[PDB]
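Read in order, the letters of the sequence shown correspond to residues 12 to 101 in PDB author numbering.
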Amino acid sequence: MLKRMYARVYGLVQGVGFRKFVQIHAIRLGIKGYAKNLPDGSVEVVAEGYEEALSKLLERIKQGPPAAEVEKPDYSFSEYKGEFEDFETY
């Protein structure tokens with residue numbers, strides 16, 4: 012029932028509050044990991060927690076904050092590691 016979620020978020024997702032939005036919803040949902048700006052203009056998200064909570068975070072990711080214009084995210088689930096102690100942005 013624990014998983015690691017990888018997600019790559021595409022669209023107008025930088026300069027729009029996206030990483031802060033992801034962290035805020037992750038904290039509310041008790042999820043650890045990070046959100047990270049990539050050089051191509053997309054955003055990388057790594058999240059660990061209960062599958063149900065990760066699924067709710069993925070839905071928030073698909074919507075994004077008000078100014079974001081999100082295009083279909085790539086994502087995949089893999090094994091929970093417990094390497095993270097909080098949720099950070101970079």
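Note that beta-carbon positions come from the ideal geometry of N, C-alpha and C, so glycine has one too.
Review point. What separation, rounded to the nearest whole angstrom, lies between the Cα atoms of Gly-22 and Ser-53?
Key: 7 angstroms
**Study point:** Whole-angstrom C-beta distance between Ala-64 and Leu-40, which should lie under 8 angstroms
**Key:** 5 angstroms
Review point. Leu-68: buried (16+ other C-beta within 10 angstroms of its C-beta) or exposed?
Key: buried
Practice item. Would you mind sorting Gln-34 into buried or exposed? The rule is 16 or more other CB atoms within 10 Å of its CB. Key: buried
Review point. Just how far apart, CA to CA, sit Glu-70 and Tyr-101?
Key: 21 angstroms
Exercise for review: Have a look at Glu-96 and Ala-78 and give me their C-alpha separation to the nearest angstrom.
Suggested key: 29 angstroms
Exercise for review: Could you work out which residue in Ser-66, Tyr-91, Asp-85 is closest to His-36 when comparing CA atoms only?
Suggested key: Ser-66
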